[PDB]
Amino acid sequence: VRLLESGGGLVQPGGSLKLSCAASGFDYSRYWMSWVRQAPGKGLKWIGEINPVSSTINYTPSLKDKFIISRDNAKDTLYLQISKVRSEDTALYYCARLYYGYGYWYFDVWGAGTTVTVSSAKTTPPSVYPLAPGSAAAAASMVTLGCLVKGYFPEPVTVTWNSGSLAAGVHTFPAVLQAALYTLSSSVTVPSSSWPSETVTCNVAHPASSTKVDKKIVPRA
Amino acid sequence: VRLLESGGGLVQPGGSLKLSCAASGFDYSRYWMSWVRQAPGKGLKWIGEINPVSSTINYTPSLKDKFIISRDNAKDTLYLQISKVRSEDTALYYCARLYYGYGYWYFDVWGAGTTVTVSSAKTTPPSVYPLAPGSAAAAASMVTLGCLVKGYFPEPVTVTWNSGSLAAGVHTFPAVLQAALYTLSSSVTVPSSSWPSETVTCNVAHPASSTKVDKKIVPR
Amino acid sequence: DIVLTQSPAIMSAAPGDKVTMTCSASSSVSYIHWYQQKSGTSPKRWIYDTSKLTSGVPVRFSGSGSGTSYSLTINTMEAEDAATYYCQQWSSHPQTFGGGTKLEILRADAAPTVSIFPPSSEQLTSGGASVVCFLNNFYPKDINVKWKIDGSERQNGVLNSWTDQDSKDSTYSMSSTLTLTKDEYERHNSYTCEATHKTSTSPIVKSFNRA
Amino acid sequence: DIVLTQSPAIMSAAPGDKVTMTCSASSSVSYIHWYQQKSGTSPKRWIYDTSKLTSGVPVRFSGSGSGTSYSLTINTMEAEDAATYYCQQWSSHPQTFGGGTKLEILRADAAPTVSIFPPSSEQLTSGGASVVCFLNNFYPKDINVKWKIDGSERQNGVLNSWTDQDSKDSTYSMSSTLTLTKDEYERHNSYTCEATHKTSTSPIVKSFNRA
Amino acid sequence: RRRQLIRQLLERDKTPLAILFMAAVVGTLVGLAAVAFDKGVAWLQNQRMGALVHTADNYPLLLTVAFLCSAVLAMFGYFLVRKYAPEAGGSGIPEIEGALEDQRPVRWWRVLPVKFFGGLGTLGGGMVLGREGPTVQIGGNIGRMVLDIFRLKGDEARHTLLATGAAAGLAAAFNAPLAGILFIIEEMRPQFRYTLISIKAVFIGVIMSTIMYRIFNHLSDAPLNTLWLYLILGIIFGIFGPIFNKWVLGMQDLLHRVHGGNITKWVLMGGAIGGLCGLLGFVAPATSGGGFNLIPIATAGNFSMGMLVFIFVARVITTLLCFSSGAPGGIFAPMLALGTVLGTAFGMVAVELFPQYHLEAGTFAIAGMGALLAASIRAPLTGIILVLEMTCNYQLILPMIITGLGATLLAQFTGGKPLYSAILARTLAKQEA
Amino acid sequence: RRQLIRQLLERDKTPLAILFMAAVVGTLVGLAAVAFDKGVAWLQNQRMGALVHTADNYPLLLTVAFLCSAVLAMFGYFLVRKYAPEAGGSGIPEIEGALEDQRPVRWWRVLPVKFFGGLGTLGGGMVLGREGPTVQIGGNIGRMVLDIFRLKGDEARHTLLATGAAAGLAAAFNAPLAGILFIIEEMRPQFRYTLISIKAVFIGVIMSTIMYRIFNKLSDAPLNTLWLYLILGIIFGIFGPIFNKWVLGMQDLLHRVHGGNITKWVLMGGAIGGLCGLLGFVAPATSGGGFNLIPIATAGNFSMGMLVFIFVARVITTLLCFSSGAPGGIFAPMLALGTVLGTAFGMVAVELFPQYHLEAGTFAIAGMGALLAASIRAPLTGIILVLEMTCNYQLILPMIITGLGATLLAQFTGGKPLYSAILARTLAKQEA
Ligand SMILES: [Cl-]
Ligand SMILES: [Cl-]
Ligand SMILES: [Cl-]
Ligand SMILES: [Cl-]
């Protein structure tokens with residue numbers, strides 16, 4: 001079983017979008033399907049549900065056609081249209097299969113989610129600057145480098161070091177909004193023998209603005 | 001209930017092709033599926049069958065790997081692989097769904113067919129030319145337009161008029177082979193108060209080359 | 001494997017006739033089925049387990065027979081039955097179809113409607129010049145088309161194509177095309193198309209002038 | 001519609017310890033469900049119908065309750081049991097979740113590894129200049145960063161970002177970034193970064209001098 | 001004695017071959033009869049639909065020939081009944097129940113042509129009646145005929161072949177072999193003493209008559225916390241089962257007043273009822289008919305709650321009138337209709353009230369199908385297995401029981417009698433007293 | 001007649017006392033069954049878990065599997081030979097006796113002997129089914145409440161006994177309908193009228209099934225294919241009487257090995273019990289209840305030779321475990337034998353008749369209940385049980401036809417109801 005939702009991303013307040021959850025692994029009929037959203041750093045909130053024949057579709061106390069759930073037993077997919085999209089619809093949107101034990105119903109199997117963002121702010125790629133230690137910095141056993149991913153919108157970006165082969169001693173911090181732009185930093189920690197004798201590169205992707213960048217960390221002269 | 005088969009056309013003698021048949025409008029599993037083929041203007045020959053879960057796959061009398069039927073119930077699709085191909089295998093390949101009355105089985109709903117042409121020729125789209133009346137037509141009650149589909153290969157092409165909206169009054173004639181290229185034409189009689197006042201357009205499809213031509217018929 | 005052989009290969013009948021066609025089997029068979037195949041259409045299941053009509057098939061149709069001989073009968077045939085009908089057994093494995101019986105309709109006379117078309121300027125910007133002639137809706141199927149250039153008869157490079165019988169009106173139609181090179185075409189003026197058919201003693205001539 | 005309140009929002013215990021959280025309903029419920037949410041992955045079903053375990057859940061996990069009070073319990077916590085646990089009822093309609101309880105590993109206190117980084121020559125070719133300070137691998141999560149330009153306090157233009165707990169060594173990290181205009185940056189010499197942590201009364205000072 | 005038991009236990013389930021073989025012929029004849037009957041009912045029902053085409057534009061005339069065709073077929077039916085076989089009115093099931101108690105004669109030379117050509121008229125008339133009645137009665141008689149025709153002697157011969165005929169009949173009427181068997185060993189058979197009904201023969205006869213039928217006529221789930229809802233349905237089915245029995249018996253009396261036995265008053269009474277059905281068969285086609293038509297349409301929920309209240313009342317009205325008046329025809333199939341419609345209606349309410357159950361009215365429709373049998377007839381097991389034969393939804397097998405028992409409990413405690421037994425007792429009492 | 005009218009009027013009026021009491025028998029029988037079910041599952045789990053620790057040394061794990069299923073078995077045979085000899089073997093015929101008032105129901109003795117004795121045999125991996133235990137325990141539970149509350153009359157003694165034995169069957173196969181049908185077809189006195197209330201039996205069954213629920217599609221079959229199902233029954237019908245001989249015959253033979261002696265009986269019980277744990281590792285298909293291999297056999301997974309093996313093997317092992325008088329049923333074991341013979345029959349029909357487009361798995365379903373058709377002679381109950389467990393309705397006619405073939409030919413080759421033979425065996429020896 002695997003639920004794989006798409007459709008998320010950036011929209012403008014007032015606009016409307018249609019998320020999709022693509023089911024495989026099981027007979028998509030015979031199952032109630034349901035949406036549940038999770039707003040940033042806050043609770044799981046139920047949106048609605050839908051029986052197999054689509055003859056019963058319930059929602060949490062919402063405004064009429066805020067949410068329209070619908071399904072396609074042919075294509076094997078669950079849909080969710082949202083309207084009048086305002087900032088309270090910025091959340092991670094899990095789709096989910098419903099089942100039960102004694103008949104007090106649970107959310108059986110969840111997808112990874114899709115993030116939706118509602119901002120009149122505009123897509124913008126990241127400037128990636130390296131962080132190299134100072135002109136009077138000491139060479140101990142461990143040396144900490146990093147790169148600053150400044151200036152982008154919307155989330156997310158991806159940071160990896162030496163194309164992922166440098167996995168341990170990495171620390172990508174959460175991003176921070178400020179002036180309709182995000183900012184985040186990543187910290188690698190490699191042995192002193194490792195750098196600057198060998199290359200350490202940071203790989204930033206921000207697919208929202210088709211940005212693929214590598215910024216090589218060289219020492220300062 | 002629709003059975004729409006595809007993936008036929010031109011194969012070199014000795015090579016192979018995967019015909020597929022896309023079911024819709026019924027619980028695909030539950031049914032035994034089967035292929036039957038019909039060579040040019042000739043009889044129907046069973047090729048094989050396959051039960052729902054693919055645990056029974058029977059063929060006609062033939063060599064061990066000549067044919068390989070299969071199916072994918074999550075796509076609602078049947079398949080037919082044909083190897084070491086020879087002109088005996090040039091034919092229209094129908095895909096049909098099976099069933100019984102008392103229990104002596106039969107071919108229930110049939111697809112439209114896919115034509116397989118065993119030939120070392122080259123695929124080639126049609127040139128489509130409009131046949132409009134000469135400036136010597138005493139505008140009667142009716143007027144006959146035609147269009148001419150020339151130099152395509154292999155068969156078939158399919159001609160309709162104004163997307164099928166002009167069904168009645170249409171004659172699409174059989175093709176004739178010349179220098180390994182097929183050639184045909186279609187006529188369409190319509191009222192004189194309906195043309196040139198309104199547009200007549202012949203829609204040619206040559207699926208072997210993935211071509212469509214929507215040639216409009218203009219007064220000369 | 002069981003060979004089914006279909007007694008009349010091509011039969012013909014005026015609507016109103018009772019029509020019967022046969023399916024004789026080499027060994028014994030049981031509960032055979034019949035299919036229906038009109039021009040351009042795929043076979044449709046018609047009669048099954050020997051005498052059951054598929055839902056949709058009008059009552060004029062029936063089937064019977066046993067062991068090594070089976071019929072399908074049309075009690076008062078109508079013009080819309082014009083088709084090739086295959087029988088088929090699967091009482092033995094593998095199943096096997098007959099070679100068919102193509103039913104054709106006898107109707108009253110019907111004169112052809114002849115249309116002539118000069119080469120299209122799209123084709124003239126290639127080097128070809130196909131002069132097409134349509135002969136539509138005639139009965140019976142026996143027609144002669146005859147190609148005249150300036151006055152003299154032409155036979156080199158003519159191809160003919162005949163539609164099958166119509167399902168509704170039982171007519172035939174034909175297309176005669178006279179294919180030439182642009183230069184071969186451009187060195188004449190008057191092309192004509194002469195249709196000789198049962199419905200008239202004087203041939204139907206349709207022509208056009210390049211000038 | 002039922003409001004579920006989970007008692008400790010955040011808590012901690014050292015692997016091998018008896019952990020127990022709570023889910024308290026506004027009105028009455030029966031047969032509630034627990035979900036385990038690790039950062040970045042889907043909520044997994046964990047406990048359902050009050051106390052039945054999901055096929056896969058280790059037997060250290062268990063549930064019990066009634067009325068308006070239930071509780072997930074972990075007899076001997078492991079490293080892998082750190083996560084966010086949401087309770088949810090559907091005894092009444094519509095169904096509802098709790099705010100969650102975040103369960104975190106408790107380890108020995110560790111001082112932060114401070115590193116300060118001056119603006120790159122790339123950023124400065126743009127008009128911006130930000131000074132990054134990383135406070136890396138420290139427990140407990142409480143820490144206080146403080147910036148000094150030429151030894152003098154400055155609090156406006158800093159932004160701080162903490163991490164969730166490290167999977168491998170159960171520590172925390174934080175990054176402070178002082179952003180200035182290039183012109184503002186170039187008129188001072190000494191930028192410093194003072195981390196004050198539980199583990200040591202005297203703060204770990206990191207700094208650089210532009211000249 | 002313990003000595004006789006041993007002798008009996010060791011000589012158990014040895015039916016004589018001559019009875020087994022005769023069960024095979026009985027079954028073949030009953031299924032044939034059953035089919036012929038069925039075909040004729042369909043043909044007539046159709047001809048009547050064909051009359052409403054030749055008079056399609058004139059709406060008063062249309063409504064007239066809807067009334068007259070049925071009224072004429074009903075009248076022809078009641079006439080065959082009154083003039084030749086008064087025993088062959090109503091259901092027929094009780095009249096066979098008696099024949100197994102040895103209290104009512106099996107006049108096969110009379111009942112066969114009457115019941116067959118009678119019901120053919122009343123059922124083909126479009127009345128609210130079943131095929132069970134005519135087929136069960138004929139069935140028994142077809143078994144009785146081959147008893148006498150081969151003058152076979154013994155109580156085993158006479159009860160076995162009279163039971164296999166009655167069972168083969170029901171199997172044909174529903175393409176439902178199992179229901180036939182259970183119907184015999186639950187409701188039909190003598191209820192208070194031992195009897196030598198061979199079940200193996202019943203097995204044979206049912207098989208043959210189902211084959212004959214086959215030759216010419218070829219939902220979600222229910223969790224525990226939802227079970228009490230089926231109990232309630234059943235309770236409601238149980239309070240209404242006796243009420244329905246009292247009305248059908250009540251109405252039996254209240255119609256005997258209208259004609260006081262008079263053959264011509266009766267036939268004409270039938271004419272107006274049969275005509276009323278033909279009419280409702282056009283203007284309101286769910287309120288008429290044997291009621292099968294609307295079981296799949298109601299199991300979905302294509303009907304609205306308003307329309308469901310309307311059908312249930314109308315069908316009760318029209319089931320009583322047709323059956324209470326003693327037309328040849330059953331009440332078994334119309335009780336499946338009533339059972340479904342009500343069960344559906346309950347399921348709809350249940351759906352809107354308890355969304356947290358994620359119900360489907362269609363399970364309550366399937367639970368309620370064999371419930372009015374359980375409450376009026378007091379034969380729950382058959383109605384459960386019949387409906388499980390037709391629709392099998394296994395996941396529902398417990399809900400289907402709970403509902404059945406619920407109605408069978410509340411049929412008892414609210415003062416209801418089994419409906420076929422009540423009619424036989426009426427007939428033995430009217431005869432003696 | 002006037003008495004009949006008086007009877008018709010008063011029909012289906014079971015004393016409210018009995019209907020309430022039925023609802024406690026069921027509850028109790030359901031819990032009893034569920035506890036038993038849970039216990040057996042716990043012991044099968046231990047025997048497996050003690051092969052995890054001793055994973056090395058091939059001939060060591062063979063011996064510990066042997067001794068565990070022998071030690072658990074010995075405990076089983078002993079409890080039966082000491083405290084309740086009447087409660088050894090099936091237990092069904094012993095309750096059939098009780099309904100005829102020809103056998104006693106020593107519930108005070110039998111409940112603990114069967115419950116734990118079964119725990120021993122079933123948990124050892126022996127070829128035995130929970131019915132035997134749960135049915136006998138069922139009636140005893142039902143007689144205990146009659147005694148404890150002091151209910152009088154013949155109606156209460158028969159009803160509360162039946163509804164108990166019924167709730168017993170339904171809790172073993174989650175099969176209420178099967179449990180009801182078994183009473184009216186097989187258990188209830190065969191040759192006289194009794195005052196068993198069906199309504200009471202429903203109630204008990206329901207309550208019993210709920211307790212079990214609280215703690216816990218093949219192709220169609222065309223007309224021209226029905227004769228293949230008649231033949232299957234014919235094969236079953238000649239084979240059931242023969243397998244019946246061997247159940248009785250091996251009861252007589254296995255007696256001679258111990259002579260009645262509790263010590264030689266209990267040791268021989270360890271040898272047979274030990275074999276089933278040994279075969280239960282090295283070839284699991286020949287051992288156990290049989291519910292392991294039935295869904296695997298309906299998919300047509302086992303090769304031909306693997307089935308022929310599994311059949312001959314399970315004939316051998318079923319006989320030994322049951323005929324040696326070990327506490328446990330032969331009901332389940334017969335479902336698994338038939339299910340096998342069916343699948344074998346179908347595989348031969350598949351290749352012999354490609355023009356029938358057969359699926360061997362339908363012949364599995366048809367032949368699942370078709371040894372209960374020929375041996376124990378309760379088709380109606382079996383047919384329904386299978387239908388309950390597979391609800392493959394579309395095969396209901398093939399399922400009836402096979403059933404009949406098995407019941408006819410069993411009759412015409414001299415066979416007798418295997419349970420009623422076993423009772424007659426008892427009673428006939430009881431007057432000598
Ligand atoms: Cl009656
Ligand atoms: Cl009736
Ligand atoms: Cl025994
Ligand atoms: Cl047993």
# chains A, B, ... in the order shown; residues from 1 in each chain; ligands from 1

$ residues_near_ligand --ligand "ligand 1" --cutoff "8 Å" --atoms "only C-alpha atoms and all ligand atoms" --output "list in words"
residues 88, 89, 90, 91, 92, 93, 94, 95, 133, 326, 330, 420, 423 and 424 of chain E

$ residues_near_ligand --ligand "ligand 2" --cutoff "10 Å" --atoms "only C-alpha atoms and all ligand atoms" --output "MDAnalysis selection string"
chainID E and resid 90:94 129:137 170 323 328:335 377 419:420

$ calpha_fit_rmsd --fixed "chain D" --moving "chain C"
2.0 Å

$ residues_near_ligand --ligand "ligand 3" --cutoff "8 Å" --atoms "only C-alpha atoms and all ligand atoms" --output "PDB file with N, CA, C and O atoms, in the first residue's frame"
ATOM      1  N   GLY F  88     -13.328 -38.325  25.665  1.00  0.00           N
ATOM      2  CA  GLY F  88     -12.207 -38.573  24.746  1.00  0.00           C
ATOM      3  C   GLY F  88     -12.706 -38.775  23.322  1.00  0.00           C
ATOM      4  O   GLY F  88     -13.785 -39.328  23.108  1.00  0.00           O
ATOM      5  N   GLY F  89     -11.921 -38.332  22.349  1.00  0.00           N
ATOM      6  CA  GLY F  89     -12.332 -38.396  20.951  1.00  0.00           C
ATOM      7  C   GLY F  89     -13.168 -37.187  20.562  1.00  0.00           C
ATOM      8  O   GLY F  89     -12.918 -36.075  21.032  1.00  0.00           O
ATOM      9  N   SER F  90     -14.162 -37.407  19.707  1.00  0.00           N
ATOM     10  CA  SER F  90     -14.986 -36.321  19.169  1.00  0.00           C
ATOM     11  C   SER F  90     -15.735 -35.560  20.256  1.00  0.00           C
ATOM     12  O   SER F  90     -15.445 -34.395  20.500  1.00  0.00           O
ATOM     13  N   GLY F  91     -16.687 -36.232  20.907  1.00  0.00           N
ATOM     14  CA  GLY F  91     -17.533 -35.621  21.943  1.00  0.00           C
ATOM     15  C   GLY F  91     -18.936 -35.356  21.433  1.00  0.00           C
ATOM     16  O   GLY F  91     -19.894 -35.248  22.206  1.00  0.00           O
ATOM     17  N   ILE F  92     -19.050 -35.251  20.114  1.00  0.00           N
ATOM     18  CA  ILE F  92     -20.329 -35.046  19.452  1.00  0.00           C
ATOM     19  C   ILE F  92     -21.283 -36.233  19.655  1.00  0.00           C
ATOM     20  O   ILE F  92     -22.427 -36.025  20.075  1.00  0.00           O
ATOM     21  N   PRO F  93     -20.813 -37.478  19.405  1.00  0.00           N
ATOM     22  CA  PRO F  93     -21.754 -38.588  19.588  1.00  0.00           C
ATOM     23  C   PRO F  93     -22.203 -38.719  21.043  1.00  0.00           C
ATOM     24  O   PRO F  93     -23.314 -39.161  21.310  1.00  0.00           O
ATOM     25  N   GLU F  94     -21.334 -38.310  21.964  1.00  0.00           N
ATOM     26  CA  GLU F  94     -21.616 -38.356  23.391  1.00  0.00           C
ATOM     27  C   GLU F  94     -22.717 -37.358  23.767  1.00  0.00           C
ATOM     28  O   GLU F  94     -23.504 -37.610  24.690  1.00  0.00           O
ATOM     29  N   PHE F 322      -7.287 -39.247  15.873  1.00  0.00           N
ATOM     30  CA  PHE F 322      -8.679 -39.401  16.276  1.00  0.00           C
ATOM     31  C   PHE F 322      -8.995 -40.790  16.846  1.00  0.00           C
ATOM     32  O   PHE F 322      -9.581 -40.902  17.936  1.00  0.00           O
ATOM     33  N   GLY F 325      -8.366 -42.041  20.356  1.00  0.00           N
ATOM     34  CA  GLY F 325      -9.231 -41.516  21.415  1.00  0.00           C
ATOM     35  C   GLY F 325      -8.746 -40.216  22.035  1.00  0.00           C
ATOM     36  O   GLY F 325      -9.190 -39.844  23.130  1.00  0.00           O
ATOM     37  N   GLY F 329     -11.683 -33.110  17.490  1.00  0.00           N
ATOM     38  CA  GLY F 329     -12.655 -33.479  16.468  1.00  0.00           C
ATOM     39  C   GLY F 329     -12.040 -34.147  15.250  1.00  0.00           C
ATOM     40  O   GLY F 329     -10.821 -34.117  15.049  1.00  0.00           O
ATOM     41  N   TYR F 419     -20.874 -40.510  13.147  1.00  0.00           N
ATOM     42  CA  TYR F 419     -21.188 -40.172  14.543  1.00  0.00           C
ATOM     43  C   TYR F 419     -22.202 -41.136  15.165  1.00  0.00           C
ATOM     44  O   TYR F 419     -22.020 -41.562  16.306  1.00  0.00           O
ATOM     45  N   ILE F 422     -20.564 -44.456  15.991  1.00  0.00           N
ATOM     46  CA  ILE F 422     -19.786 -44.277  17.223  1.00  0.00           C
ATOM     47  C   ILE F 422     -20.649 -44.303  18.501  1.00  0.00           C
ATOM     48  O   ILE F 422     -20.204 -44.799  19.539  1.00  0.00           O
ATOM     49  N   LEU F 423     -21.864 -43.760  18.435  1.00  0.00           N
ATOM     50  CA  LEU F 423     -22.773 -43.803  19.574  1.00  0.00           C
ATOM     51  C   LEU F 423     -23.275 -45.219  19.733  1.00  0.00           C
ATOM     52  O   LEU F 423     -23.207 -45.774  20.820  1.00  0.00           O
TER      53      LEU F 423
END

$ residues_near_ligand --ligand "ligand 4" --cutoff "10 Å" --atoms "only C-alpha atoms and all ligand atoms" --output "number ranges by chain"
F: 89-93, 128-136, 169, 322, 327-334, 376, 418-419

$ closest_atom_pairs --of "chain E" --to "chain F" --cutoff "7 Å" --atoms "only C-alpha atoms" --output "CSV"
residue,atom,partner,partner_atom,distance
E:2,CA,F:102,CA,6.9
E:6,CA,F:424,CA,5.0
E:9,CA,F:420,CA,5.7
E:10,CA,F:421,CA,6.1
E:12,CA,F:416,CA,6.8
E:14,CA,F:411,CA,6.2
E:192,CA,F:193,CA,6.9
E:193,CA,F:193,CA,5.3
E:194,CA,F:193,CA,4.9
E:203,CA,F:404,CA,6.9
E:389,CA,F:393,CA,6.5
E:392,CA,F:393,CA,6.3
E:394,CA,F:391,CA,5.9
E:405,CA,F:202,CA,7.0
E:412,CA,F:13,CA,6.3
E:417,CA,F:9,CA,6.8
E:421,CA,F:8,CA,5.5
E:422,CA,F:9,CA,6.6
E:425,CA,F:5,CA,5.0
E:428,CA,F:5,CA,6.9

$ atom_distance --atom1 "atom CA of residue A:6" --atom2 "atom CA of residue A:107"
19.4 Å
